[PDB]
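Reckoned from all heavy atoms, side chains included, excluding hydrogens, waters and symmetry mates. Numbered from 1 within each chain, the chains take letters A, B, ... in sequence-line order.
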Amino acid sequence: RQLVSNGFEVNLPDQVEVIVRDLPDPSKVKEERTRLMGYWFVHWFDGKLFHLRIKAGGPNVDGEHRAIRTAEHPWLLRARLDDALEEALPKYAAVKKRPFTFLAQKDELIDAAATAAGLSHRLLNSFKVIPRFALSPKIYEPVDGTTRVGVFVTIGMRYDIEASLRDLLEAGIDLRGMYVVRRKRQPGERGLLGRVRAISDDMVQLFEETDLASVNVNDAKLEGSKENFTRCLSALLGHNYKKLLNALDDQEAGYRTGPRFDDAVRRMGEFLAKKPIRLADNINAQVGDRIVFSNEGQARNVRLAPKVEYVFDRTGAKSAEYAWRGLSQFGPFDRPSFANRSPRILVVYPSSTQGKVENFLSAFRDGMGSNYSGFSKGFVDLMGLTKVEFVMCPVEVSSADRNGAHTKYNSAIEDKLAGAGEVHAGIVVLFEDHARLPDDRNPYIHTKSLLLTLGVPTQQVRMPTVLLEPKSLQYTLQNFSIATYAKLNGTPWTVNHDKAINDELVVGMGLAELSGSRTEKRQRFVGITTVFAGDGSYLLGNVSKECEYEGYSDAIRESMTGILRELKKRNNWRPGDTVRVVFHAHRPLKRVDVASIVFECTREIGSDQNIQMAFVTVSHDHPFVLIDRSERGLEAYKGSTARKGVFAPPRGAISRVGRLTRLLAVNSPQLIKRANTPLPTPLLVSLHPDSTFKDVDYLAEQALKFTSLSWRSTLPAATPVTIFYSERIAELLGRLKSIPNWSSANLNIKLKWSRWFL
RNA sequence: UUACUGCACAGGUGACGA
DNA sequence: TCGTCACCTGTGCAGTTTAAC
Ligand SMILES: [Mg+2]
């Protein structure tokens, strides 16, 4: 039982001698760092300036001399390590600092991919894909109570289009509307300039510009986005360009797949170990063994949570390890009590798509039969309904209509519904050309708004989806049906949980930031999701309808204390019972907000019960990765020699980085998509230090089960639903806030139990 | 906007301190 | 208002014939 990390032990001195002086104003720090450049490493921390001489020779420094033992205060040498790592790799220039980030000197994958595919072109060599390495010194705990410093290795790819803008024109590339960035970067200077309107020899005209409305073609380049790459490439190769991307995919897997990433990390450690890393000209560090997460010795640093169970009844008898297998054999969790067994669903669609939309609906409601066994039975029999009645609502609109599409949809909805009875849900079919119009004329958001105001949740769909070939459609219809059922108030499934306390509430907060363009300043909105422990099951609670970032800490505390009060009345807690409240977000809460939340919650429930509270952040973009060298992977497809998820830790592996932090593996080989899929990154689960409930292994596993609770998809989500649902709610309510005639009035009435945000 | 997954680019932002 | 450590957010494109047996 061992999981290998992407990091190496750093052997450091037991101790280092430093000169300290009080420096209450941190504004003086930058000038002093410049004054002692080259001779002293300088560092501010908690009101005092620390001075570590790294080269003999003045200037000199006042203050108290002090011994800083590395085992007690490893922040000092961790920081010096940032700069020292750069100094030890003089020939690899920093493209970013702390963490030291640099490029491979000779690797360039566009060229290697062209050669291997059999492609060529004069401008190709101006398109570059260069491996990118970062070295992050991090404090970790090899066992509880003892800290050390490791250096963790991560790899990405720099995408850059260095081609002059003049050239791309004369090859046929339409630069109209493409984003453009500076070539020369200056500290404190933005890179994005704006969009491209037209080119007049010397300079290019900008719209949606950040500042300057004009730039010299020599001072600007296309941003190295996938969009710009694909736009330029296919306009010089297609339909051969897909062969390039394939070949590029192949090249990248040579650095990103499990075995290749482990080998790249190994070679990085070997290169870094070959000489001591001077922290001072008489003081050396040394890169050592690859860090491991094991249970060898006095270390208890790796466990494997049990497989999540999908449960489809309240006794626990009907369960499965996959959502779809279990749903297809048992039907939904709430089948015995689901009230509306004959839903009427409004279908809003451009009239010119009538025949394609009828094909889609037949497949949805009545199934695709056993040639497409992913969706044979159809929505009605899948969910145990008696039938579905469609209320067909054609709309006289064409894809070329980019200004009046939304008014046409909404007028047709108004006229159809006025003459009909109540409908319980709606399906809205969208032209691809309309899906991403600005919200003032986007039919997705206007039909969503109109129908949610009226208390009618909608499942929308774009025409390319409606036209998927059947082998793909069957999977689309699994997800479509799960979300639609939940939108009709259904509960498709739960996940197992054995209650060990009398009640447990989990609340999540998610963020959305909305703007009409990148130029425009983004405005923030928030959502709140709640999950309750039931008898053997986690149950989804009610959801926020208000969404302003201002006062979000008050909203968390109001939602928790209101929920605790209703939970106490409903369940009638006994003297001595224990109640647990967990908070989830992608950022940590302020200590002051934790204290406010704890205080109010503690007073609301009172002294008759014991309160346990934990505040948890879930991170996706950290420098840690896990390698399971015992995992050989699975066939890329039945019978193939290629494999996928080689070295991928199993789903539910939990590794201890420190007392407050766990690494959670979510994407197992079974879930990994393709042979070239990179080695996955685990989630980093961090407990807020002021939490009164301290078991972060338990909280990591809880977050695991909540990825399996998403009714957007048959497959688990990338983050627990407490955060994911809140992000979807924040985005939708934030966009709706600016739609004329929107009202939230039905979100707690007709839609109180509808998962209308999926 | 059926989704999951991956990646890229851009924008910056959060928490802790004095 | 700054030092310090950290990584979050939006947008777009592509895929085992992607879709946990
Ligand atoms: Mg949805």
Side-chain angles (χ1 to χ4, degrees), chain A residues 23-26 29 43-49 75 78-79 98-99 129 136 156-160 179 181 190-192 210 223-231 245 249 252 256 321-324 374 428-430 432 434-436 442-445 448 458-462 465-466 468-469 472-484 511-515 518 522 524 586-591 617 619-623 634-637 640 642 644 651 667-678 680 710 712-718 727 758:
Chain A
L23 196 255
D25 185 16
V29 165
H43 192 264
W44 187 96
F45 179 63
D46 195 70
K48 287 107 83 174
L49 206 184
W75 44 271
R78 192 221 66 78
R98 46 192 115 59
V129 170
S136 307
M157 294 291 157
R158 182 173 187 262
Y159 278 56
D160 195 51
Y179 283 98
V181 51
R190 188 180 312 184
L192 192 63
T210 61
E223 83 184 352
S225 58
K226 212 79 60 159
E227 182 179 353
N228 284 348
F229 261 73
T230 53
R231 279 222 241 172
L245 296 176
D249 194 55
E252 291 182 0
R256 302 192 194 277
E321 61 185 322
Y322 311 129
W324 181 255
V428 178
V429 180
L430 305 166
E432 180 70 23
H434 295 168
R436 279 175 275 159
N442 181 299
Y444 171 90
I445 200 56
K448 186 72 71 170
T458 56
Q459 181 52 66
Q460 308 222 4
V461 61
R462 302 174 291 103
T465 297
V466 168
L468 286 174
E469 54 120 37
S472 291
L473 186 66
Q474 63 186 328
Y475 297 115
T476 287
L477 290 179
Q478 302 179 346
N479 301 322
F480 193 98
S481 300
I482 293 158
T484 294
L511 190 71
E513 302 185 339
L514 305 176
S515 245
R518 295 209 229 160
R522 294 183 302 198
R524 310 217 270 194
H586 283 156
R587 298 291 209 172
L589 297 178
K590 296 185 186 65
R591 307 188 68 192
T617 125
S619 292
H620 289 78
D621 188 16
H622 46 84
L634 283 35
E635 295 170 294
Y637 59 79
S640 98
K644 67 180 185 177
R651 187 171 164 88
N667 288 310
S668 61
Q670 233 181 174
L671 282 171
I672 282 157
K673 305 294 185 189
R674 311 167 48 238
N676 288 341
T677 300
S710 174
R712 291 192 98 195
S713 62
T714 222
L715 296 178
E727 296 172 336
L758 297 166

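Rounded to whole Å, atom P of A3(B) lies 18 Å from atom CD of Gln474(A). In this entry the distance linking CD1 of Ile672(A) with P of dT18(C) reads 16 Å, nearest Å. If you take OH of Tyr179(A) and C1' of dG10(C), they are 10 Å apart, rounded to a whole angstrom. Distance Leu473(A) CG to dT18(C) P: 15 Å, rounded to the nearest Å. To the nearest angstrom, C1' of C7(B) lies 10 Å from CE of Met157(A). We find that CD of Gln670(A) is positioned 9 Å from P of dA20(C), with the value rounded to whole Å. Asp621(A) has its CG atom 13 Å from the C1' atom of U13(B), to the nearest Å. Between the P atom of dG12(C) and the OH atom of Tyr159(A) lies a distance of 18 Å, rounded to the nearest Å.
Here the shortest heavy-atom pairing between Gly224(A) and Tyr159(A) reads O-CB, 3.3 Å. Across all their heavy atoms, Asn479(A) and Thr714(A) have their closest contact at OD1-N, 2.9 Å.
In this structure, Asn442(A) contributes its side chain and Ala435(A) its backbone to a donor-acceptor pair below 3.5 Å. Within the 3.5 Å criterion, the main-chain N or O of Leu192(A) finds a donor-acceptor partner in the side chain of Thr210(A). Side-chain atoms of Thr484(A) never come within 3.5 Å of backbone atoms of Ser481(A) as a donor-acceptor pair (strictly under, hydrogens ignored). No donor-acceptor pair under 3.5 Å is formed between the side chain of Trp324(A) and the backbone N or O of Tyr475(A).
Among the atoms of the strands shown, only primed sugar atoms or phosphate atoms (P, OP1, OP2) are found under 4.0 Å from some heavy atom of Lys448(A). Base engagement by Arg462(A) is indicated by at least one non-hydrogen atom pair under 4.0 Å involving a base atom. Among the protein residues, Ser713(A) comes within range of the sugar-phosphate backbone only, with heavy atoms under 4.0 Å from sugar or phosphate atoms but none that close to a base. Within the nucleic acid shown, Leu477(A) has no heavy atom closer than 4.0 Å to any nucleic acid atom. In this structure, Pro623(A) reaches the sugar-phosphate backbone alone: every heavy-atom distance under 4.0 Å involves primed, P, OP1 or OP2 atoms, never a base. Within 4.0 Å of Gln459(A), counting heavy atoms only, lie sugar-phosphate atoms of the nucleic acid but no base atom. Here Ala718(A) lies in heavy-atom contact (under 4.0 Å) with sugar-phosphate atoms only. Note on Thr458(A): only backbone sugar-phosphate atoms sit closer than 4.0 angstrom, heavy atoms only; bases stay farther off.
Listed pair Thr677(A) / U5(B) fails the phosphate criterion, with no side-chain N or O lying under 4.0 Å from OP1 or OP2. At the phosphate of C16(B), neither OP1 nor OP2 sits under 4.0 Å from any side-chain N or O atom of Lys590(A). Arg522(A) has no side-chain polar atom (N or O) that falls below the 4.0 Å cut-off from OP1 or OP2 of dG10(C). Not one side-chain nitrogen or oxygen of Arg256(A) sits closer than 4.0 Å to the OP1 or OP2 atom of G6(B). For the OP1/OP2 pair of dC7(C) and a distance below 4.0 Å, the side-chain nitrogens and oxygens of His620(A) include no atom meeting the criterion. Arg587(A) has no side-chain polar atom (N or O) that falls below the 4.0 Å cut-off from OP1 or OP2 of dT9(C). Of the side-chain N and O atoms in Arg78(A), one or more sit less than 4.0 angstrom from OP1 or OP2 of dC5(C). The phosphate of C7(B) (OP1 or OP2) has no side-chain N or O of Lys226(A) nearer than 4.0 angstrom. The shortest distance between the side-chain N/O atoms of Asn667(A) and the OP1/OP2 oxygens of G6(B) is below 4.0 Å. Note on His622(A): every side-chain N or O is 4.0 Å or more away from OP1 and OP2 of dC5(C).
Considering only the side chain of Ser668(A), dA20(C) comes nearest among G17(B), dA20(C), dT9(C). Nearest nucleotide to the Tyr322(A) side chain, out of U2(B), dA20(C), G17(B): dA20(C). Among the nucleotides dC8(C), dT4(C), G14(B), the one closest to any side-chain atom of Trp44(A) is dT4(C). Of the candidates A18(B), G11(B), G14(B), the closest approach to any side-chain atom of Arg190(A) belongs to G11(B). Comparing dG15(C), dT4(C), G11(B) against the side chain of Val29(A) picks out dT4(C) as the nearest.
The partner of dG10(C) is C9(B), by the rule that a Watson-Crick or G-U pair needs both atom distances under 3.5 Å.
Residue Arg98(A) places no side-chain atom within donor-acceptor reach of the base of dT4(C), judged by atom type and a 3.5 Å distance cut-off alone. No donor-acceptor contact under 3.5 Å links the side chain of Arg518(A) to the base of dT11(C).
Nucleotides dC13(C) and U2(B) have their P atoms positioned 14 Å apart, rounded to a whole Å.
Mapped onto DNA chain C by nearest heavy atom, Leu671(A) and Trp75(A) fall at different nucleotides, with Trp75(A) at the one closer to the 5' end. The nearest heavy atom of DNA chain C to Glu513(A) and to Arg436(A) marks one nucleotide each, and the one closer to the 5' end goes with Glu513(A). Position along RNA chain B of the nearest nucleotide to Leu715(A) versus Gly224(A) favours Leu715(A) as the more 5'-ward residue.
Taken to the nearest 0.5 Å, the CZ atom of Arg436(A) stands 12.0 Å off from the CG atom of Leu430(A).
Both stacking criteria are satisfied for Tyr444(A) over the base of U1(B): a centre-to-centre distance under 5.5 angstrom and an angle between ring planes under 30 degrees.
Classification of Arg651(A) and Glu321(A) as a salt-bridged pair fails, no side-chain N sitting under 4.0 Å from a carboxylate O.
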